[PDB]
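Enquirer: Before anything else, here's the structure in question.
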Number of protein chains: 2
Amino acid sequence: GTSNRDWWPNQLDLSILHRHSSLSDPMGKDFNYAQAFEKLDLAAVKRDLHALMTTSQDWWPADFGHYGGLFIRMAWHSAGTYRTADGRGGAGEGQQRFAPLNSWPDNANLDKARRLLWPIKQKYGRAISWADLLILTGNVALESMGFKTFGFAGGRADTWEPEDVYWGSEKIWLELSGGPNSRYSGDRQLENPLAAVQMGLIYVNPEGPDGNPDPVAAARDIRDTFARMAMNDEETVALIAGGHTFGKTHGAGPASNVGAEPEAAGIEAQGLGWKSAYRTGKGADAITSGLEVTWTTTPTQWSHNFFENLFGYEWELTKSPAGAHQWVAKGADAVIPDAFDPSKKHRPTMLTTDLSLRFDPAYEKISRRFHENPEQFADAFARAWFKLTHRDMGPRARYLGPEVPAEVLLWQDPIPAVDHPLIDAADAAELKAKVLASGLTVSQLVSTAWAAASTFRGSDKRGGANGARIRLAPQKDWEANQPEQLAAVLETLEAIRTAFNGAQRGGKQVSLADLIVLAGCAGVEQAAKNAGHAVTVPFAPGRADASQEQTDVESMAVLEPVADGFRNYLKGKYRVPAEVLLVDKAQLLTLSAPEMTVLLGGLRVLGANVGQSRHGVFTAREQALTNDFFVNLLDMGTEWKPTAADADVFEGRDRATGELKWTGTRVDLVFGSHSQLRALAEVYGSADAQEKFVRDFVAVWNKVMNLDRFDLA
Amino acid sequence: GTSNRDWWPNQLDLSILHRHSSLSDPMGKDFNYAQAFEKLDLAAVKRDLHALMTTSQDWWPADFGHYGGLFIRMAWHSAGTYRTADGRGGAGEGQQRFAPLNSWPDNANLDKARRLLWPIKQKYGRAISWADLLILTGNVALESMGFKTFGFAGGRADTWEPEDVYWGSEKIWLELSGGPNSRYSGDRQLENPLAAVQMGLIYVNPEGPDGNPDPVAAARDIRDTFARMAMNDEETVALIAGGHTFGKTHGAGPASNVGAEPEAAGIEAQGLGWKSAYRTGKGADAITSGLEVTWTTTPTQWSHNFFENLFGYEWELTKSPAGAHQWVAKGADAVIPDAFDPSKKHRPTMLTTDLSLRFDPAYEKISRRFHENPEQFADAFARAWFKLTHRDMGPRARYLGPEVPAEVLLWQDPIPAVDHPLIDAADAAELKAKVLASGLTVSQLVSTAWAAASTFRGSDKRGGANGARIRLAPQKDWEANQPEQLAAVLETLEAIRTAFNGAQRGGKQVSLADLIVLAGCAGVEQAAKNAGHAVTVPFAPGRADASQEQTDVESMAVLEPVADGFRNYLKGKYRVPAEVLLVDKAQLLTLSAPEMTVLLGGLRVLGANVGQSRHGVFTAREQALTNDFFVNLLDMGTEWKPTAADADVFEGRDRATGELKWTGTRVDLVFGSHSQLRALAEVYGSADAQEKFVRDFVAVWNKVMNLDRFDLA
Ligand code: HEM
Ligand code: HEM
Ligand code: NA
Ligand code: NA
Ligand SMILES: [O]
Ligand SMILES: [O]
């Protein structure tokens, strides 16, 4: 059947904003996963998982009688899709069970791992999500084999359809770099937001870059991809050596024996894939990656044998039975156990990417230190495993259960506890009036609050106005935040705050994070008043102010907006049209198309544009909250044309006189062009819509202000 | 960006079930269009529409100073996508304003018509939908030009995204038949459910079949397509001749002058398309279809000139200025007015498809009768225009406003008014006990009520249990309804009914339509009791029984299910896989994926399969309402394979012994295979889910029983 996407493959796709509807969710609209999880007997689930580890099923027999290595890989892949550039991917939504991830070649045979967990899932039901269970099972695997984990938090709610993620443009699984849709350009520069070297890989190619088995070159790819998954050199070494202390790879015969991935398999496979014609097709004959490596002499026990082997031998390039490049220890004895036959032993083996840990000079130093001090290795691996598996969970307030680590980690963007009484509704009114009396304008107040709250992204639940990090490096200096303007507003607000807090009794005080939000609320109320409408904008206190010392400046860099349609802002010239980037930002903010539309139209007439640009400011009463953007956009008395100087900027002229009325960007005009957006704009531009426009704007403003408020969840 | 659809183009698309979510809708979830419409000043809207007729805008000047013809085509095209096969298309959701229909070639320049209506739409706001306004505008155009319409009902709610409709598989706009994705095969057989001869056309090619200008062959295409839009020969002749009494076609220069359709145009076009480089690009120079024909000597007034010209001249094949085939009156004088220049006149002209009305022998007789008896022509056209434009609105109960015709028409599948007291809750309890005491089984009761209620489709709101048409021709003889078994059940129910009604006072009685549904409710209650659960199933009385003479048997044929996954039924072997047909059926029933899942799993264990097939009956306690379907489907102790005798039937065998445990179809197993459906099945197959399964089943059962109950809306 030919679809709109086929006919108009470059029109904008709004369906990404309408996922996660209550229609697709089988739980009641009242279901609260956190409440279900808080009643789970987590100890009982772990005891069941522990027993599973050594209870082999004949449809996928356990290597060495222990599934631990398989489940560690499963949990690591569940997490290992994460990209810091947009916060997409990660373990937090259990997306490994859906397309495309369930059928990525790097996820081959993890369908079996997930199926092994069905009986436990079935037992505990809605009290443990698949997303939590995946991670939990990796923890229990590690515990069962003698490794002390750093802790575990539940609270990843299950999702019910695939997330819309850009995974790259290649039309061929695992395509080598340099094709017509190459994700690389220049000197092996990986395109943002990607974090893997080939379509369908988690990070890197275990044979080496584009298959070339050079551990030094491979180390470059490791370092770049891991950095794009928020991991530094020490964390990267600890993760790879830690993981590869367990289990084995599977490459017992030629890859041409392996059939269709799960999404392409026949219905009778019941969601499983990669059925293999090679001998029994499983167990001793398994083929997964094609490589056939077992790293340590005790694959079912934590040890420091990975580094003893890496540094204790020299390595020879060889081929697996499927033809994949891999390395064997020169002159070694057969000291590694076989996974099924107690009478057979094998020489130590390694992947090209394992050897990177020795042959890259900066990794070598860390690997040596971990080899000489295995307790340092164990602690680094525990911390990194925690980080990896929790990186997209959001604020610590979302962490559930009895195993949450008490240590506050800098990577969590921590928010201090509030230890004083909060402002009440009368105090909020007094502060709104003091803010308005200071002479801060609607434009300044709205722009400042927008800048602080709009860093939130629902992908990894980082950002938001909680913390007041807008006053800190690096947010205070982002160009989108207008650093000089911002500084003058913050200075005025900080004086109001000091005066209010100094006049209190009882220990009551207001955070600057709260005041910034409240002040933006006053700005929206005043704008409504300027239009003749009396509204109260909701406000919930309880944010706290984080310090510079509790803020990782480098980690914060990925939250910088380089494109923010809501402020008509674009930091440079990009390959992706600006309207596409608007919808991308709307999705990260968790907005629907109607919400996006209302919010944009309002922000335009409130003076939220960076630099005071007049683009899209289609009103003669700026700083009044009206539906003028829509009424003027939709007026067929104006004709629009792109400018000579800039094809991305348009002039609206009176059709009859030729007089210049307005200018706008693609971001503005899309609302008059795209057939679904223009239908939304028509609702808000109708004669009966001014009260609705104000109400719906106040509601979406409040939603944005509260995106990070999981303390009130 | 490579997507799941790109990698796995034949996996099933469930997003079709999650359209129309409140996410995409800018109105509140409380908005009720009927209530808004009931307050509209319809008379005021019409007076604005009358004024618009002759208010020419320079950007698309009105032919003859009057936009009536353009708006008549606009309304006709809005209605003219309707297919009786699935009830999809039609004017009832205003989908002409969205992709792909807004950009179909046959809708060229109707973007101008719709934009001329924006100021009216803006003025009245939510109180008149675009869907209603399109049709109203065509009515006002006809009235303005002298033709009295039969009536008008409001109540078409606007929609906010494109409908998922199969419009054919061709990848080229307007591709001629016989290509790699031909919609024709055999002796000019058009594939179901399609109702147009080429991709992007409303019905037929105005030059003739595949462009060949043979009016007799064209007539065959006219008759087949119009039949597939619910129109017989008399209605077809009346519509074509009635429509082409007005206005003109547009073909002033070569088609190569015409630019991108709206969905491909630049953002500056602000939703419009087909910008033309030919001279002024508009008015006297307009190019729409490429034909250049004006049918009557008074194109802005109702007349009897269409048939005077059709019969009064002989016709010669010629070409338009764009090179399109059309016909000119041999030896005629220049009697037709020009649209713009009072000093020019033209010879009468006709399309190939116009001449079909004379050269097809059956149309000739109708056309002659209409020529000789123009009052008959007028009344037929008024009735047919009403039908065309309201065909998809559903029962009469949905018709709003002061212009609804009082005459009840056969095509509306009318339901008699209820004129007696309805049964109350005590009476319902008494009838359910009598039903259960009769000896009717859970299987019979459930299967019968399912058969009655599940004929509903939300596409055109035909079907459902209202009317008791299951006891009439042709429903009582459909294979899917198990005619013999059905007859036995109905005989028992009719006896119950007779006895209950004979015992009443005060004129109370129960319809058989109600009793069918109520008896199905009793069967569901009984099934829950068989499983140990105490469940009351909601029931709403008020259905009435329609007569045979109120049931057009040929019109009812298109509701016959040839595939109904919910009864594991397929009438033959089809090119579309059965699981695709299930989701299609779920969409017509208005079900979400979780609803579809729960419903199907319950029906299987209640004995709703046609022929008492064991396919998918994964329980040892049939006729008990349990979640056994899910628990057994998801059991990894069973391995499934297709049978030797039939690749569409699967055997599930114990993995350890090889013993046969179950059989299933593709419809059954998809719930175990599709990664989103299996995630749903997992929720209902969990240990905590038995009570939820029962409750969610009763809710969806009730939903289906009430799909046609617009009397209670
Ligand atoms: C450069 C990064 C990495 C590369 C290229 C890589 C590559 C691979 C490959 C190719 C396999 C074999 C799959 C098969 O045939 O079954 C595998 C296995 C494994 N990986 Fe990694 N890996 C990397 C990092 C990680 C990390 C960070 C972890 C966990 C912390 C991990 C844990 C494991 C485990 C436990 C297995 C064994 C699975 C089994 O016993 O079934 N790896 N790895
Ligand atoms: C065999 C069926 C039909 C064919 C092939 C057909 C074809 C066409 C074409 C090709 C045009 C010219 C488009 C343009 O260049 O502007 C047109 C115009 C029109 N048709 Fe039809 N038509 C059909 C049936 C109908 C019916 C059922 C109605 C209404 C009841 C209708 C009413 C109109 C009117 C009013 C116009 C004039 C538009 C104007 O003045 O701008 N037609 N038709
Ligand atoms: Na994420
Ligand atoms: Na329809
Ligand atoms: O891995
Ligand atoms: O038409």
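Counting begins at 1 with the first residue displayed.
This entry, so its header tells us, was determined using X-ray crystallography, 1.9 Å.
Each Cβ is built from the backbone N, Cα and C atoms, and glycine gets one as well.
Feature list, courtesy of Swiss-Prot:
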SITE      A:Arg73  site 'Transition state stabilizer'
ACT_SITE  A:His77  active site, proton acceptor
BINDING   A:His244  heme b binding site
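Mind mapping these onto the model and telling me what they sit next to?
Expert: According to its DSSP assignment, A:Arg73 (site 'Transition state stabilizer') is helical. Within 10 Å of the Cβ of A:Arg73 (site 'Transition state stabilizer') there are 25 other Cβ atoms, across all protein chains.
In the structure as shown, the Cβ atom of A:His77 (active site, proton acceptor) sits within 10 Å of 21 other Cβ atoms.
The Cβ of A:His244 (heme b binding site) lies under 8 Å from the Cβ of A:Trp295, A:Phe306, A:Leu351, A:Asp354, each of these being in the same chain and 6 or more residues away along the sequence. Under DSSP, A:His244 (heme b binding site) is assigned to coil, being neither helix nor strand in the three-state scheme.
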